[PDB]
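Undergrad: I'd like to ask you about the structure that follows.
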Amino acid sequence: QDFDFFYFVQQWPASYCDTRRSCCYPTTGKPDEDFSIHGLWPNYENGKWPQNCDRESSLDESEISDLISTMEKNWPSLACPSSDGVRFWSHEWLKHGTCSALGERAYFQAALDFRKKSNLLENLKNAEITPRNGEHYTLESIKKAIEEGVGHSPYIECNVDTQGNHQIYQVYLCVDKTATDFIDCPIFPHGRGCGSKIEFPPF
Ligand SMILES: Nc1ncnc2c1ncn2[C@@H]1O[C@H](COP(=O)(O)O)[C@@H](O)[C@H]1O
Ligand SMILES: Nc1ncnc2c1ncn2[C@@H]1O[C@H](COP(=O)(O)O)[C@@H](O)[C@H]1O
């Protein structure tokens, strides 16, 4: 009951699909070449977080019916076998959404709204940071470009492609507990930060 803030986590689809993991496009076809939503996670300032707050509250698709087509494109599941994303959304809703104090519809609308508000791809483009092979960009340039359009610093999570290149994988931004506005992150994710120069791979 109650938490401190939300980590709003977006992902670069291309970086989930160029590793040794299996990646399958959603039953709706190849996803947009844009940052997608991974999740909206309630969190505590002490680094821990609540999860699975209502193991009885299953995902009611009727509450987000008119949002399904948008989510298939902005919150796709890239896991295999190819799915419609419902399993992925049900998982995020049960594990994290039930702990957000938000109704199911508000929770998913919130995620969609912040993905749009943060407008990562465009902000990067405005700084001449566009997808291409190889570790062509400085982490600093990427962080500031995002800071410019959001007004808050993001945390960048990097992984590695089959080539061994370090690439931008996920972008963390913090949202206030009422899911109204972006805020400065009280704390940043555990895992190791990125290298000084990283790859922003295309599909
Ligand atoms: N609120 C959180 N803050 C930091 N890491 C998290 C949080 N919730 C989940 N994780 C980790 O990040 C990944 C997100 O997975 P999931 O909870 O399935 O969306 C898992 O590998 C978790 O260990
Ligand atoms: N875009 C995605 N579609 C479906 N599952 C995902 C996606 N991104 C992450 N996952 C899975 O959720 C978990 C999150 O861990 P991580 O790979 O560290 O982000 C892993 O078991 C991933 O396979």
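Within each chain, counting starts at residue 1; across the structure tokens, chains are named A, B, ... in the order shown, with ligands numbered 1 upward in that order.
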Could you list the protein, DNA and RNA residues that have any atom within 8 Å of ligand 1, counting only C-alpha atoms and all ligand atoms, and write them as an NGL selection string?
TA: :A and (6-7 or 38-39 or 41-44 or 47-51 or 91-92 or 95-96 or 189-190)
Undergrad: Give me the residues near range 64-81 of chain A as an MDAnalysis selection string, where near means some atom within 6 Å (using only C-alpha atoms) and where sequence neighbours in that chain fewer than 3 positions away do not count.
TA: chainID A and resid 23:25 31 36:37 61 85 105
Undergrad: For each of A:97, A:186, A:13, A:154, take the minimum atom-to-atom distance to residue 139 in chain A, counting only C-alpha atoms, then give the residue where this is smallest.
TA: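 For residue 139 in chain A, the nearest of the given residues is A:154.
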Undergrad: Could you pull the residues within 8 Å of range 199-203 of chain A, counting only C-alpha atoms, minus those fewer than 4 positions along the same chain, as a PyMOL selection string?
TA: chain A and resi 13-15+17+33+130-137+165-168
Undergrad: If you run DSSP on the backbone, which residues of range 3-130 of chain A are strand (DSSP E), as a PDB file with N, CA, C and O atoms, in the first residue's frame?
TA:
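Just written: out20.pdb:
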ATOM      1  N   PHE A   5       7.414   6.619  -6.010  1.00  0.00           N
ATOM      2  CA  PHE A   5       7.411   7.149  -7.375  1.00  0.00           C
ATOM      3  C   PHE A   5       7.333   5.993  -8.363  1.00  0.00           C
ATOM      4  O   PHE A   5       7.351   4.831  -7.958  1.00  0.00           O
ATOM      5  N   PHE A   6       7.234   6.327  -9.651  1.00  0.00           N
ATOM      6  CA  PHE A   6       7.198   5.322 -10.718  1.00  0.00           C
ATOM      7  C   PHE A   6       8.443   5.393 -11.588  1.00  0.00           C
ATOM      8  O   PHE A   6       8.951   6.468 -11.875  1.00  0.00           O
ATOM      9  N   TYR A   7       8.926   4.239 -12.023  1.00  0.00           N
ATOM     10  CA  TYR A   7       9.992   4.232 -13.000  1.00  0.00           C
ATOM     11  C   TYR A   7       9.140   4.013 -14.255  1.00  0.00           C
ATOM     12  O   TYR A   7       8.305   3.103 -14.271  1.00  0.00           O
ATOM     13  N   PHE A   8       9.288   4.875 -15.257  1.00  0.00           N
ATOM     14  CA  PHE A   8       8.582   4.683 -16.523  1.00  0.00           C
ATOM     15  C   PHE A   8       9.695   4.169 -17.412  1.00  0.00           C
ATOM     16  O   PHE A   8      10.669   4.876 -17.695  1.00  0.00           O
ATOM     17  N   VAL A   9       9.572   2.916 -17.824  1.00  0.00           N
ATOM     18  CA  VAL A   9      10.610   2.275 -18.607  1.00  0.00           C
ATOM     19  C   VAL A   9      10.234   2.030 -20.056  1.00  0.00           C
ATOM     20  O   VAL A   9       9.231   1.379 -20.352  1.00  0.00           O
ATOM     21  N   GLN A  10      11.039   2.587 -20.955  1.00  0.00           N
ATOM     22  CA  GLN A  10      10.833   2.408 -22.382  1.00  0.00           C
ATOM     23  C   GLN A  10      11.980   1.565 -22.905  1.00  0.00           C
ATOM     24  O   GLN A  10      13.034   1.467 -22.282  1.00  0.00           O
ATOM     25  N   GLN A  11      11.779   0.968 -24.068  1.00  0.00           N
ATOM     26  CA  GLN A  11      12.784   0.098 -24.639  1.00  0.00           C
ATOM     27  C   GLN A  11      12.981   0.411 -26.115  1.00  0.00           C
ATOM     28  O   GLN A  11      12.108   0.993 -26.759  1.00  0.00           O
ATOM     29  N   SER A  36       9.478   1.812 -27.423  1.00  0.00           N
ATOM     30  CA  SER A  36       8.234   1.204 -26.981  1.00  0.00           C
ATOM     31  C   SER A  36       8.165   1.203 -25.459  1.00  0.00           C
ATOM     32  O   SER A  36       9.136   1.530 -24.783  1.00  0.00           O
ATOM     33  N   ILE A  37       7.008   0.837 -24.925  1.00  0.00           N
ATOM     34  CA  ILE A  37       6.835   0.791 -23.486  1.00  0.00           C
ATOM     35  C   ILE A  37       7.197  -0.588 -22.951  1.00  0.00           C
ATOM     36  O   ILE A  37       6.871  -1.606 -23.563  1.00  0.00           O
ATOM     37  N   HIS A  38       7.914  -0.631 -21.833  1.00  0.00           N
ATOM     38  CA  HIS A  38       8.182  -1.915 -21.213  1.00  0.00           C
ATOM     39  C   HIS A  38       7.237  -1.928 -20.016  1.00  0.00           C
ATOM     40  O   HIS A  38       6.419  -2.838 -19.866  1.00  0.00           O
ATOM     41  N   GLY A  39       7.325  -0.898 -19.176  1.00  0.00           N
ATOM     42  CA  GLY A  39       6.436  -0.851 -18.032  1.00  0.00           C
ATOM     43  C   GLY A  39       6.408   0.449 -17.257  1.00  0.00           C
ATOM     44  O   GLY A  39       7.209   1.357 -17.488  1.00  0.00           O
ATOM     45  N   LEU A  40       5.441   0.531 -16.351  1.00  0.00           N
ATOM     46  CA  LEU A  40       5.254   1.685 -15.471  1.00  0.00           C
ATOM     47  C   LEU A  40       5.301   1.015 -14.105  1.00  0.00           C
ATOM     48  O   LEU A  40       4.340   0.361 -13.688  1.00  0.00           O
ATOM     49  N   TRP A  41       6.425   1.174 -13.414  1.00  0.00           N
ATOM     50  CA  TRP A  41       6.625   0.497 -12.140  1.00  0.00           C
ATOM     51  C   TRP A  41       6.655   1.278 -10.834  1.00  0.00           C
ATOM     52  O   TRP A  41       7.533   2.112 -10.625  1.00  0.00           O
ATOM     53  N   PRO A  42       5.695   1.011  -9.940  1.00  0.00           N
ATOM     54  CA  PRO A  42       5.660   1.689  -8.640  1.00  0.00           C
ATOM     55  C   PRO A  42       6.982   1.284  -7.977  1.00  0.00           C
ATOM     56  O   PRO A  42       7.431   0.148  -8.136  1.00  0.00           O
ATOM     57  N   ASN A  43       7.601   2.203  -7.248  1.00  0.00           N
ATOM     58  CA  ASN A  43       8.897   1.929  -6.639  1.00  0.00           C
ATOM     59  C   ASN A  43       9.052   2.683  -5.316  1.00  0.00           C
ATOM     60  O   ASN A  43       8.329   3.651  -5.051  1.00  0.00           O
TER      61      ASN A  43
END
Undergrad: Would you list, as a PyMOL selection string, the residues of range 13-172 of chain A that end up in helix (DSSP H, G or I) under DSSP run on this structure's backbone?
TA: chain A and resi 13-16+61-74+86-95+97-99+104-118+120-125+139-150
Undergrad: With a distance cut-off of 9 Å and only C-alpha atoms, select the neighbouring residues of residue 187 in chain A, excluding the residue or stretch itself and same-chain residues fewer than 3 positions from it, and output the selection as a ChimeraX atom specification.
TA: /A:45-47,184
Undergrad: Using only C-alpha atoms and all ligand atoms, which of the listed residues (A:83, A:57, A:1, A:119) sits closest to ligand 2?
TA: A:83
Undergrad: Could you name the residues that touch residue 56 in chain A at 12 Å or less, counting only C-alpha atoms, but leaving out those on the same chain fewer than 6 positions away, as a list in words?
TA: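 My reading of the contact set: residues 93, 94, 95 and 98 of chain A.
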Undergrad: Quick one, how far is CA of residue 16 in chain A from CA of residue 194 in chain A?
TA: 15.9 Å
Undergrad: For each of A:196, A:28, A:159, A:178, take the minimum atom-to-atom distance to ligand 2, counting only C-alpha atoms and all ligand atoms, then give the residue where this is smallest.
TA: A:159
Undergrad: In terms of the shortest atom-to-atom distance over only C-alpha atoms, which of A:29, A:129, A:118, A:100 is closest to residue 183 in chain A?
TA: A:118
Undergrad: Name the closest residue to residue 30 in chain A among the candidates A:157, A:84, A:60, A:2; distances are taken between atoms, counting only C-alpha atoms.
TA: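 That would be A:84, the residue with the smallest distance to residue 30 in chain A.
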Undergrad: Pick from A:107, A:188, A:155, A:89: nearest to ligand 2, with only C-alpha atoms and all ligand atoms counted?
TA: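 Result for the nearest residue to ligand 2: A:89.
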